[PDB]
Every structure is written in C-alpha cells, then in structure tokens.
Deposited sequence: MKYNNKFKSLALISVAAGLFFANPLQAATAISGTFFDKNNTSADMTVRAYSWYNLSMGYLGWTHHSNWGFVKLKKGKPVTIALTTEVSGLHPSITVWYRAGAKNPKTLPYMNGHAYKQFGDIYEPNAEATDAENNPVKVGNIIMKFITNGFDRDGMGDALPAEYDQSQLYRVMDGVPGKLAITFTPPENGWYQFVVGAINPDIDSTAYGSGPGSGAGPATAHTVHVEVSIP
C-alpha cells in the first residue's frame, strides 16, 4: 500500500476544492490507468439505503472532471483510511490487498468494492479517441462541459473512498497544456470543486 492525502467530508463539511492533473484519471500509457497521487482522494461515512450525489465542477477551459467511488469495507481505525493499494488504479473494478503494509505501518485488509464512476463527456466533441473505448468508464453528459454528477445508494453503512481526477482534456486547450507526454500529462494542478449531498 501507499499513503495518500485524503479530504474528509461530513454533514458539516460537504464541499472542498481538490486539485488534480488534466490526465490524472486516465493516463495514456500502459494499461490506461489513473495515477493515485496525481488525482485527489475523498472520504465520507454514509448510511445504507439513502441516495447520495457527488457533484464536480471546474472553471478550467478544456478540463473534464471525473470520479470513481468505492466502499472501503471493514474499515476499522479511521487512521487506516488514507491508503491505496498502489500508485496506479483502474477506474472500475474492485481492489483487494490483504494484510496491507505502507510507509512501515500495518494498514489492515484493504477491500474496495466498486460503487460507481463517471466522467464529464460534454465538450469532448463528436467522438473520443479509441484509447477511451472501455464501457465501464462511464461517459456522462449533462450538457455542461466542466461539470459532472454521480449518484449512488450506499449498500452498506460505512466509509466511501473516492478519487477525483480528470480525463482527455480538449486538444490545445488550457487543460491540455503541453499534452499527454509520457502519459501523465503536464504536472499542472487544476482545481475541481466537489460537493457531496449527504442525506
């Protein structure tokens, strides 16, 4: 496992500004993975059965925010929350790292059950490049570039661990910058505003 910086949310702290790289959720290398540390992580404790919405917005021209939500099952001490199983992540699918260790600390079993994901597909044009042709990378349109909402109903009480990033910045836009490079794009950190609607 590897430590991450988490932003925690609750009923009195429903919003945050997170900073992410333009390609952070979908690098153009390898297996087209997100970069754990180029993205930004949130945590929120939720009650079973009541729908939740997370809304992302950005002012950055060309930027398309994105998000993956997992349920962090069996989490015990909250100080064991801000870890990930590695420096890269698949945008969908479940994560399992039994008896996980990081920097040494013992984190316990990391069990992350996939809940939902989405990315802002408004403004990307008539067709995305073929590198993005994975069905479970949920393309969502609300008619507003730079805005995204996801929803889910917590299947279990407890901690929901989510990553915010961005994907496929518009060619030659501010967000695109110098382009994908080696796959991670520019190191520029762009602000995405996050609002969690806790029931």
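Novice: Relative to the deposited sequence numbered from 1, which residue ranges are unmodelled?
Specialist: Model skips 1-27, 131-135 of the deposited chain.
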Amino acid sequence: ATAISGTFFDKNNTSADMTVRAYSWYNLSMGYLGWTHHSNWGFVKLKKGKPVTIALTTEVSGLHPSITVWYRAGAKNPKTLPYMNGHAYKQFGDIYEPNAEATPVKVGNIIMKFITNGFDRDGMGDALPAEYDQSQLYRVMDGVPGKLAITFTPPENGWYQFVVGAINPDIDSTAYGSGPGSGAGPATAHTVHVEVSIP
From here on, numbers count along this sequence of modelled residues.
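Novice: When the Cα temperature factors in the entry are averaged, is it 51-59 or 134-142 that ends up higher?
Specialist: The deposited B-factors put 51-59 ahead on the C-alpha mean.
Novice: Can you tell me which stretch has the higher mean Cα B-factor, 113-121 or 71-79?
Specialist: Mean CA B-factor is higher for 71-79.
Novice: Kindly indicate the residue among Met30, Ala149, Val163, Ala166 with the greatest C-alpha B-factor in the PDB record.
Specialist: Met30 has the highest C-alpha B-factor of those listed.
Novice: Going by the recorded CA B-factors, say which third of the chain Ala22 sits in, lowest, middle or highest.
Specialist: Answer is lowest: the recorded C-alpha B-factor places it there.
Novice: What third of its chain, lowest, middle or highest, does the C-alpha temperature factor of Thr36 fall into?
Specialist: For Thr36, whose C-alpha B-factor we compare with every modelled residue in the chain, the answer is the lowest third.
Novice: When the deposited Cα B-factors of this chain's modelled residues are ordered and cut into thirds, is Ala175 in the lowest, the middle or the highest one?
Specialist: Its C-alpha B-factor, which the entry lists for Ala175, ranks in the lowest third among residues of this chain.
Novice: What third of the chain does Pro155 rank in for C-alpha temperature factor, lowest, middle or highest?
Specialist: For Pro155, whose C-alpha B-factor we compare with every modelled residue in the chain, the answer is the highest third.
Novice: Going by the entry, which third of its chain does the Cα temperature factor of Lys106 land in?
Specialist: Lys106: CA B-factor falls in the highest third of its chain.
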